[PDB]
$ cat work_23.cif   # mmCIF, C-alpha atoms
data_coords
#
loop_
_atom_site.group_PDB
_atom_site.id
_atom_site.type_symbol
_atom_site.label_atom_id
_atom_site.label_comp_id
_atom_site.auth_asym_id
_atom_site.auth_seq_id
_atom_site.Cartn_x
_atom_site.Cartn_y
_atom_site.Cartn_z
ATOM 1 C CA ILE A 16 -16.058 -7.220 -13.747
ATOM 2 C CA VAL A 17 -16.339 -8.400 -17.365
ATOM 3 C CA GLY A 18 -13.194 -9.430 -19.205
ATOM 4 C CA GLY A 19 -10.917 -9.126 -16.174
ATOM 5 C CA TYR A 20 -8.824 -11.562 -14.165
ATOM 6 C CA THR A 21 -8.722 -13.130 -10.725
ATOM 7 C CA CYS A 22 -6.874 -10.591 -8.581
ATOM 8 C CA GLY A 23 -5.345 -13.012 -6.129
ATOM 9 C CA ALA A 24 -6.335 -13.188 -2.487
ATOM 10 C CA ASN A 25 -5.903 -9.863 -0.661
ATOM 11 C CA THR A 26 -3.951 -8.215 -3.497
ATOM 12 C CA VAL A 27 -6.393 -5.258 -3.323
ATOM 13 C CA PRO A 28 -6.369 -4.693 0.449
ATOM 14 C CA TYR A 29 -8.460 -1.482 0.359
ATOM 15 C CA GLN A 30 -11.357 -3.240 -1.434
ATOM 16 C CA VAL A 31 -14.344 -3.890 0.835
ATOM 17 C CA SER A 32 -17.617 -5.730 0.283
ATOM 18 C CA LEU A 33 -20.803 -4.108 1.568
ATOM 19 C CA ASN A 34 -23.094 -6.803 2.956
ATOM 20 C CA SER A 35 -26.773 -6.618 3.926
ATOM 21 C CA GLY A 36 -27.233 -10.382 4.237
ATOM 22 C CA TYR A 37 -25.445 -10.734 0.873
ATOM 23 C CA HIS A 38 -22.866 -8.768 -1.083
ATOM 24 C CA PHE A 39 -24.482 -5.801 -2.845
ATOM 25 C CA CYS A 40 -21.744 -3.223 -3.575
ATOM 26 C CA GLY A 41 -18.058 -2.509 -3.225
ATOM 27 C CA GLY A 42 -16.262 0.250 -1.355
ATOM 28 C CA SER A 43 -12.769 1.489 -0.507
ATOM 29 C CA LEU A 44 -11.151 1.846 2.910
ATOM 30 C CA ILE A 45 -9.733 5.375 3.201
ATOM 31 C CA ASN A 46 -8.691 5.218 6.857
ATOM 32 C CA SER A 47 -9.168 2.832 9.761
ATOM 33 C CA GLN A 48 -12.641 4.274 10.453
ATOM 34 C CA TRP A 49 -14.062 5.211 7.039
ATOM 35 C CA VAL A 50 -15.105 3.686 3.730
ATOM 36 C CA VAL A 51 -16.020 5.542 0.525
ATOM 37 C CA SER A 52 -18.644 4.062 -1.811
ATOM 38 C CA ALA A 53 -21.330 5.155 -4.290
ATOM 39 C CA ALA A 54 -24.399 7.029 -3.089
ATOM 40 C CA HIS A 55 -26.537 4.704 -5.214
ATOM 41 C CA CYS A 56 -25.356 1.861 -2.948
ATOM 42 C CA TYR A 57 -26.997 3.485 0.083
ATOM 43 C CA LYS A 58 -29.120 1.366 2.379
ATOM 44 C CA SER A 59 -29.535 0.932 6.103
ATOM 45 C CA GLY A 60 -28.034 -1.978 8.013
ATOM 46 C CA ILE A 61 -24.728 -2.211 6.151
ATOM 47 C CA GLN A 62 -21.976 -4.505 7.394
ATOM 48 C CA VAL A 63 -18.559 -3.732 5.926
ATOM 49 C CA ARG A 64 -16.457 -6.797 5.105
ATOM 50 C CA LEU A 65 -12.706 -6.171 4.953
ATOM 51 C CA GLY A 66 -9.945 -8.616 4.078
ATOM 52 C CA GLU A 67 -12.229 -10.591 1.748
ATOM 53 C CA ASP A 68 -11.277 -12.742 -1.178
ATOM 54 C CA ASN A 69 -13.893 -15.473 -1.523
ATOM 55 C CA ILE A 70 -17.004 -13.685 -0.228
ATOM 56 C CA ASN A 71 -18.737 -17.056 0.256
ATOM 57 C CA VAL A 72 -16.065 -18.744 2.443
ATOM 58 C CA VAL A 73 -14.432 -17.673 5.701
ATOM 59 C CA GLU A 74 -10.738 -17.923 4.796
ATOM 60 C CA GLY A 75 -9.261 -16.356 7.932
ATOM 61 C CA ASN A 76 -8.313 -12.734 7.138
ATOM 62 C CA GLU A 77 -11.778 -11.132 7.236
ATOM 63 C CA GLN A 78 -13.004 -8.351 9.479
ATOM 64 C CA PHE A 79 -16.774 -7.826 9.607
ATOM 65 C CA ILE A 80 -17.698 -4.422 11.056
ATOM 66 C CA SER A 81 -21.138 -2.814 11.179
ATOM 67 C CA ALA A 82 -21.557 0.701 9.867
ATOM 68 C CA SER A 83 -22.398 3.272 12.539
ATOM 69 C CA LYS A 84 -23.454 5.986 10.072
ATOM 70 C CA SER A 85 -23.754 6.606 6.340
ATOM 71 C CA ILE A 86 -23.471 10.038 4.722
ATOM 72 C CA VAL A 87 -24.696 10.517 1.157
ATOM 73 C CA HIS A 88 -23.272 13.500 -0.698
ATOM 74 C CA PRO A 89 -25.493 16.591 -0.168
ATOM 75 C CA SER A 90 -25.895 17.077 -3.922
ATOM 76 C CA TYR A 91 -26.441 13.437 -4.898
ATOM 77 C CA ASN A 92 -29.046 13.270 -7.679
ATOM 78 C CA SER A 93 -30.376 9.732 -8.163
ATOM 79 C CA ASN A 94 -31.898 10.673 -11.535
ATOM 80 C CA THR A 95 -28.585 11.656 -13.185
ATOM 81 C CA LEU A 96 -26.171 9.944 -10.737
ATOM 82 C CA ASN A 97 -24.375 13.274 -10.392
ATOM 83 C CA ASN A 98 -22.343 13.286 -7.138
ATOM 84 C CA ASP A 99 -22.579 9.487 -6.749
ATOM 85 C CA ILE A 100 -20.507 9.239 -3.576
ATOM 86 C CA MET A 101 -21.155 8.353 0.057
ATOM 87 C CA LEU A 102 -19.105 7.832 3.221
ATOM 88 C CA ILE A 103 -19.605 4.965 5.665
ATOM 89 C CA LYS A 104 -18.220 5.063 9.200
ATOM 90 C CA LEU A 105 -17.173 1.826 10.890
ATOM 91 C CA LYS A 106 -18.602 1.174 14.354
ATOM 92 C CA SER A 107 -15.101 0.155 15.448
ATOM 93 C CA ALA A 108 -11.801 0.921 13.755
ATOM 94 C CA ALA A 109 -10.499 -1.700 11.349
ATOM 95 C CA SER A 110 -7.239 -3.413 12.287
ATOM 96 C CA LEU A 111 -4.817 -2.466 9.518
ATOM 97 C CA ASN A 112 -2.474 -5.186 8.237
ATOM 98 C CA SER A 113 -1.021 -6.464 4.970
ATOM 99 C CA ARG A 114 -4.481 -7.609 3.840
ATOM 100 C CA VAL A 115 -6.551 -4.674 5.183
ATOM 101 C CA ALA A 116 -5.143 -1.323 4.120
ATOM 102 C CA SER A 117 -6.315 2.159 3.230
ATOM 103 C CA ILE A 118 -6.017 3.777 -0.196
ATOM 104 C CA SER A 119 -4.803 7.361 -0.521
ATOM 105 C CA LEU A 120 -7.071 10.095 -1.846
ATOM 106 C CA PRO A 121 -5.885 12.008 -4.932
ATOM 107 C CA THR A 122 -4.642 15.576 -4.956
ATOM 108 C CA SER A 123 -5.520 16.187 -8.614
ATOM 109 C CA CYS A 124 -7.263 14.495 -11.501
ATOM 110 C CA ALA A 125 -5.496 11.854 -13.569
ATOM 111 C CA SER A 126 -4.569 12.377 -17.203
ATOM 112 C CA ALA A 127 -6.209 10.560 -20.076
ATOM 113 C CA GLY A 128 -4.355 7.328 -20.817
ATOM 114 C CA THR A 129 -3.306 6.682 -17.212
ATOM 115 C CA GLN A 130 -3.694 2.992 -16.357
ATOM 116 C CA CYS A 131 -5.981 2.131 -13.442
ATOM 117 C CA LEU A 132 -7.010 -0.921 -11.434
ATOM 118 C CA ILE A 133 -10.764 -1.562 -11.160
ATOM 119 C CA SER A 134 -11.983 -4.372 -8.902
ATOM 120 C CA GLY A 135 -15.099 -6.002 -7.515
ATOM 121 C CA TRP A 136 -17.377 -9.017 -7.116
ATOM 122 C CA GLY A 137 -19.895 -7.999 -9.776
ATOM 123 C CA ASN A 138 -21.225 -9.890 -12.780
ATOM 124 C CA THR A 139 -18.557 -11.290 -15.115
ATOM 125 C CA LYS A 140 -20.786 -11.578 -18.205
ATOM 126 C CA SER A 141 -21.763 -8.919 -20.748
ATOM 127 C CA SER A 142 -25.063 -10.547 -21.767
ATOM 128 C CA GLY A 143 -25.787 -13.206 -19.133
ATOM 129 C CA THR A 144 -25.384 -13.336 -15.364
ATOM 130 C CA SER A 145 -22.559 -15.075 -13.513
ATOM 131 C CA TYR A 146 -21.353 -13.810 -10.159
ATOM 132 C CA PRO A 147 -17.864 -14.721 -8.951
ATOM 133 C CA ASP A 148 -16.939 -15.712 -5.451
ATOM 134 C CA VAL A 149 -13.364 -14.331 -5.539
ATOM 135 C CA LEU A 150 -12.357 -10.758 -6.262
ATOM 136 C CA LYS A 151 -11.956 -9.833 -9.940
ATOM 137 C CA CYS A 152 -9.674 -7.153 -11.369
ATOM 138 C CA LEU A 153 -9.403 -5.100 -14.551
ATOM 139 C CA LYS A 154 -6.568 -2.691 -15.819
ATOM 140 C CA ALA A 155 -8.233 -0.025 -17.729
ATOM 141 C CA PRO A 156 -7.079 3.402 -18.962
ATOM 142 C CA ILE A 157 -8.741 6.702 -18.240
ATOM 143 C CA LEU A 158 -10.516 7.784 -21.425
ATOM 144 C CA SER A 159 -10.522 11.325 -22.750
ATOM 145 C CA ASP A 160 -13.416 13.422 -21.531
ATOM 146 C CA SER A 161 -14.370 14.036 -25.172
ATOM 147 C CA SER A 162 -14.691 10.311 -25.886
ATOM 148 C CA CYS A 163 -16.621 9.931 -22.623
ATOM 149 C CA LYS A 164 -19.087 12.698 -23.524
ATOM 150 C CA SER A 165 -19.379 11.468 -27.126
ATOM 151 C CA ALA A 166 -20.461 8.075 -25.783
ATOM 152 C CA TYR A 167 -23.063 9.558 -23.397
ATOM 153 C CA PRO A 168 -24.232 12.874 -24.863
ATOM 154 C CA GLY A 169 -26.018 15.090 -22.365
ATOM 155 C CA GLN A 170 -25.251 12.834 -19.387
ATOM 156 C CA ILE A 171 -21.613 13.356 -18.296
ATOM 157 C CA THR A 172 -20.953 16.036 -15.688
ATOM 158 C CA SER A 173 -17.658 17.386 -14.408
ATOM 159 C CA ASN A 174 -18.061 14.916 -11.505
ATOM 160 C CA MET A 175 -17.790 11.866 -13.785
ATOM 161 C CA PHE A 176 -15.153 10.316 -16.005
ATOM 162 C CA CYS A 177 -14.954 7.279 -18.262
ATOM 163 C CA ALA A 178 -12.431 4.466 -18.151
ATOM 164 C CA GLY A 179 -12.115 1.263 -20.104
ATOM 165 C CA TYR A 180 -12.242 0.266 -23.752
ATOM 166 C CA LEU A 181 -14.459 1.660 -26.502
ATOM 167 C CA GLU A 182 -14.139 -1.628 -28.400
ATOM 168 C CA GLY A 183 -16.016 -3.428 -25.613
ATOM 169 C CA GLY A 184 -15.409 -6.659 -23.775
ATOM 170 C CA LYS A 185 -13.800 -5.180 -20.635
ATOM 171 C CA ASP A 186 -15.803 -3.185 -18.095
ATOM 172 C CA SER A 187 -17.087 -3.079 -14.561
ATOM 173 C CA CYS A 188 -20.664 -4.207 -14.066
ATOM 174 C CA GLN A 189 -23.560 -4.590 -11.674
ATOM 175 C CA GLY A 190 -22.291 -5.610 -8.268
ATOM 176 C CA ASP A 191 -19.028 -3.699 -8.713
ATOM 177 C CA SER A 192 -20.828 -0.414 -7.921
ATOM 178 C CA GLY A 193 -19.190 1.645 -5.204
ATOM 179 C CA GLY A 194 -15.817 -0.064 -5.619
ATOM 180 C CA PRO A 195 -12.473 1.496 -6.482
ATOM 181 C CA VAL A 196 -10.725 2.810 -9.557
ATOM 182 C CA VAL A 197 -7.094 3.246 -8.452
ATOM 183 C CA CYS A 198 -4.489 4.982 -10.619
ATOM 184 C CA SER A 199 -0.905 5.822 -9.617
ATOM 185 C CA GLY A 200 -1.642 4.746 -6.054
ATOM 186 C CA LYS A 201 -4.675 7.003 -5.575
ATOM 187 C CA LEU A 202 -8.425 6.430 -5.501
ATOM 188 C CA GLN A 203 -9.446 8.334 -8.635
ATOM 189 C CA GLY A 204 -12.859 6.769 -9.259
ATOM 190 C CA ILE A 205 -15.852 4.966 -7.785
ATOM 191 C CA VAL A 206 -17.780 2.455 -9.906
ATOM 192 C CA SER A 207 -20.939 4.402 -10.777
ATOM 193 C CA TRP A 208 -22.858 3.535 -13.973
ATOM 194 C CA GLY A 209 -22.741 2.613 -17.648
ATOM 195 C CA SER A 210 -24.820 1.294 -20.527
ATOM 196 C CA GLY A 211 -24.997 -2.413 -19.969
ATOM 197 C CA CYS A 212 -21.523 -3.824 -19.411
ATOM 198 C CA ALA A 213 -18.600 -4.186 -21.822
ATOM 199 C CA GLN A 214 -20.683 -2.905 -24.769
ATOM 200 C CA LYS A 215 -19.120 -1.164 -27.761
ATOM 201 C CA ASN A 216 -18.747 2.634 -27.474
ATOM 202 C CA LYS A 217 -20.307 2.688 -23.979
ATOM 203 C CA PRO A 218 -17.422 2.642 -21.488
ATOM 204 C CA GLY A 219 -17.745 2.612 -17.729
ATOM 205 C CA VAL A 220 -18.626 5.881 -15.964
ATOM 206 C CA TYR A 221 -16.993 6.618 -12.613
ATOM 207 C CA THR A 222 -17.407 9.220 -9.898
ATOM 208 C CA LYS A 223 -14.513 11.685 -10.109
ATOM 209 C CA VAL A 224 -13.122 11.368 -6.574
ATOM 210 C CA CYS A 225 -10.674 14.286 -6.834
ATOM 211 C CA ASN A 226 -13.628 16.705 -6.901
ATOM 212 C CA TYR A 227 -14.741 15.420 -3.471
ATOM 213 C CA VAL A 228 -11.544 15.370 -1.408
ATOM 214 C CA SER A 229 -12.422 18.591 0.416
ATOM 215 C CA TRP A 230 -15.908 17.258 1.214
ATOM 216 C CA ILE A 231 -14.486 13.876 2.284
ATOM 217 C CA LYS A 232 -11.906 15.408 4.617
ATOM 218 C CA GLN A 233 -14.317 17.932 6.131
ATOM 219 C CA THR A 234 -17.088 15.362 6.583
ATOM 220 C CA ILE A 235 -14.833 12.744 8.204
ATOM 221 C CA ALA A 236 -13.345 15.342 10.536
ATOM 222 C CA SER A 237 -16.822 16.417 11.673
ATOM 223 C CA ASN A 238 -18.324 12.943 12.140
#

$ encode --input "work_23.cif" --output "structure tokens"
Amino acid sequence: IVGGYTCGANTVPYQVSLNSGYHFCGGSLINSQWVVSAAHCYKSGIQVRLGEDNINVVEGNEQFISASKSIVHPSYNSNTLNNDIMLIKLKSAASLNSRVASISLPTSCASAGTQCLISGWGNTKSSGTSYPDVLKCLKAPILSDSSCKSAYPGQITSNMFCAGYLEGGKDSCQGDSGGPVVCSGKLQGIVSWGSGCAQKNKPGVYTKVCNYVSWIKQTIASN
């Protein structure tokens, strides 16, 4: 997260870290057994880390649970990042508490201008590299689809939306991928892609979760 703020320990209790010997992506707990992330975060041997603040220090509220299965969206296209969504099942159910909590799925899209919370452990610099140990947060508004498509001509599908600031300086970044965009108490987005980070007229692009709720519910119920 570039241009954000320190969230505060466990203030985003649905935020998970995906770990394969190191943090590599975020995700969101949607029920005690299931995490949603980005398809481009797929790999084998994922351990889900819940209740994290400092990802480098055991602080006492963590749950580390291996994934039993990963399901990439059937239509995921790694060339265009269309349908950049995947589900991860926990080998054992997470223990829900004040610091480990699920985030509700949306019933409809969110309007342009709605304020959202984006979070993750990704790079905090727009030109250099500096990775934080504690969770970072950003309030960012949903941008109009027209401004999103104007910024990325030929590359935005109906399964993507933009959020952030056209003036630059505030954006998600590498290492935030797969993490949440939450608006009005619902998981509206997944950190997906963008042109650099926090650059002018190149806002963050996010998977449009509301388009996938039917697939999420059917897939979880069958797996």

$ closest_residue --input "work_23.cif" --among "A:50, A:188, A:225, A:235" --to "residue 19 (chain A)" --atoms "only C-alpha atoms"
A:188

$ atom_distance --input "work_23.cif" --atom1 "CA of residue 224 (chain A)" --atom2 "CA of residue 42 (chain A)"
12.7 Å

$ resolve_selection --input "work_23.cif" --expression "the PyMOL selection byres ((chain A and resi 191) around 8)" --output "PyMOL selection string"
chain A and resi 16+40-41+134-138+187-190+192-194+206

$ resolve_selection --input "work_23.cif" --expression "the PyMOL selection byres ((chain A and resi 214) around 12)" --output "PDB file with C-alpha atoms, keeping the file's coordinate frame"
ATOM      1  CA  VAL A  17     -16.339  -8.400 -17.365  1.00  0.00           C
ATOM      2  CA  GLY A  18     -13.194  -9.430 -19.205  1.00  0.00           C
ATOM      3  CA  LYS A 140     -20.786 -11.578 -18.205  1.00  0.00           C
ATOM      4  CA  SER A 141     -21.763  -8.919 -20.748  1.00  0.00           C
ATOM      5  CA  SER A 142     -25.063 -10.547 -21.767  1.00  0.00           C
ATOM      6  CA  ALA A 166     -20.461   8.075 -25.783  1.00  0.00           C
ATOM      7  CA  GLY A 179     -12.115   1.263 -20.104  1.00  0.00           C
ATOM      8  CA  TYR A 180     -12.242   0.266 -23.752  1.00  0.00           C
ATOM      9  CA  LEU A 181     -14.459   1.660 -26.502  1.00  0.00           C
ATOM     10  CA  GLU A 182     -14.139  -1.628 -28.400  1.00  0.00           C
ATOM     11  CA  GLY A 183     -16.016  -3.428 -25.613  1.00  0.00           C
ATOM     12  CA  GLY A 184     -15.409  -6.659 -23.775  1.00  0.00           C
ATOM     13  CA  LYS A 185     -13.800  -5.180 -20.635  1.00  0.00           C
ATOM     14  CA  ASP A 186     -15.803  -3.185 -18.095  1.00  0.00           C
ATOM     15  CA  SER A 187     -17.087  -3.079 -14.561  1.00  0.00           C
ATOM     16  CA  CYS A 188     -20.664  -4.207 -14.066  1.00  0.00           C
ATOM     17  CA  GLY A 209     -22.741   2.613 -17.648  1.00  0.00           C
ATOM     18  CA  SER A 210     -24.820   1.294 -20.527  1.00  0.00           C
ATOM     19  CA  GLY A 211     -24.997  -2.413 -19.969  1.00  0.00           C
ATOM     20  CA  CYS A 212     -21.523  -3.824 -19.411  1.00  0.00           C
ATOM     21  CA  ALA A 213     -18.600  -4.186 -21.822  1.00  0.00           C
ATOM     22  CA  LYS A 215     -19.120  -1.164 -27.761  1.00  0.00           C
ATOM     23  CA  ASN A 216     -18.747   2.634 -27.474  1.00  0.00           C
ATOM     24  CA  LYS A 217     -20.307   2.688 -23.979  1.00  0.00           C
ATOM     25  CA  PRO A 218     -17.422   2.642 -21.488  1.00  0.00           C
ATOM     26  CA  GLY A 219     -17.745   2.612 -17.729  1.00  0.00           C
TER      27      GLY A 219
END

$ closest_atom_pairs --input "work_23.cif" --of "region 179-218 of chain A" --to "region 95-116 of chain A" --cutoff "9 Å" --atoms "only C-alpha atoms" --output "Markdown table"
| residue | atom | partner | partner_atom | distance |
| --- | --- | --- | --- | --- |
| A:193 | CA | A:100 | CA | 7.9 |
| A:205 | CA | A:100 | CA | 7.6 |
| A:207 | CA | A:99 | CA | 6.7 |
| A:208 | CA | A:96 | CA | 7.9 |

$ write_last_selection --input "work_23.cif" --atoms "C-alpha atoms" --output "short mmCIF file (atom, residue, chain, number, x, y, z; two decimals), in the frame of the given file"
data_model
loop_
_atom_site.label_atom_id
_atom_site.label_comp_id
_atom_site.auth_asym_id
_atom_site.auth_seq_id
_atom_site.Cartn_x
_atom_site.Cartn_y
_atom_site.Cartn_z
CA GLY A 193 -19.19 1.64 -5.20
CA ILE A 205 -15.85 4.97 -7.78
CA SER A 207 -20.94 4.40 -10.78
CA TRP A 208 -22.86 3.54 -13.97
#

$ resolve_selection --input "work_23.cif" --expression "the PyMOL selection byres ((chain A and resi 172) around 10)" --output "ChimeraX atom specification"
/A:95-98,160,164,169-171,173-176,222-223

$ axis_aligned_box --input "work_23.cif" --around "region 101-104 of chain A" --padding-each-side "3 Å" --output "lines of an AutoDock Vina configuration file"
center_x = -19.7
center_y = 6.7
center_z = 4.6
size_x = 8.9
size_y = 9.4
size_z = 15.1

$ closest_residue --input "work_23.cif" --among "A:196, A:33, A:21, A:148" --to "residue 72 (chain A)" --atoms "only C-alpha atoms"
A:148

$ closest_residue --input "work_23.cif" --among "A:47, A:59, A:23, A:54" --to "residue 90 (chain A)" --atoms "all atoms listed in the file"
A:54

$ atom_distance --input "work_23.cif" --atom1 "CA of residue 123 (chain A)" --atom2 "CA of residue 178 (chain A)"
16.6 Å

$ residues_around --input "work_23.cif" --residues "residue 76 (chain A)" --least-positions-apart "5" --cutoff "9 Å" --atoms "only C-alpha atoms" --output "list in words"
residues 25, 65, 66, 67, 68, 114 and 115 of chain A

$ residues_around --input "work_23.cif" --residues "residue 64 (chain A)" --least-positions-apart "6" --cutoff "9 Å" --atoms "all atoms listed in the file" --output "PDB file with C-alpha atoms, keeping the file's coordinate frame"
ATOM      1  CA  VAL A  31     -14.344  -3.890   0.835  1.00  0.00           C
ATOM      2  CA  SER A  32     -17.617  -5.730   0.283  1.00  0.00           C
ATOM      3  CA  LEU A  33     -20.803  -4.108   1.568  1.00  0.00           C
ATOM      4  CA  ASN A  34     -23.094  -6.803   2.956  1.00  0.00           C
ATOM      5  CA  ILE A  70     -17.004 -13.685  -0.228  1.00  0.00           C
ATOM      6  CA  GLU A  77     -11.778 -11.132   7.236  1.00  0.00           C
ATOM      7  CA  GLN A  78     -13.004  -8.351   9.479  1.00  0.00           C
ATOM      8  CA  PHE A  79     -16.774  -7.826   9.607  1.00  0.00           C
ATOM      9  CA  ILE A  80     -17.698  -4.422  11.056  1.00  0.00           C
ATOM     10  CA  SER A  81     -21.138  -2.814  11.179  1.00  0.00           C
TER      11      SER A  81
END

$ atom_distance --input "work_23.cif" --atom1 "CA of residue 82 (chain A)" --atom2 "CA of residue 46 (chain A)"
14.0 Å

$ residues_near_point --input "work_23.cif" --point "(-1.6, 6.4, -6.7)" --cutoff "10 Å" --atoms "only C-alpha atoms" --output "list in words"
residues 118, 119, 120, 121, 122, 125, 131, 197, 198, 199, 200, 201, 202 and 203 of chain A

$ residues_around --input "work_23.cif" --residues "residue 128 (chain A)" --least-positions-apart "5" --cutoff "10 Å" --atoms "only C-alpha atoms" --output "PyMOL selection string"
chain A and resi 155-159+178-179
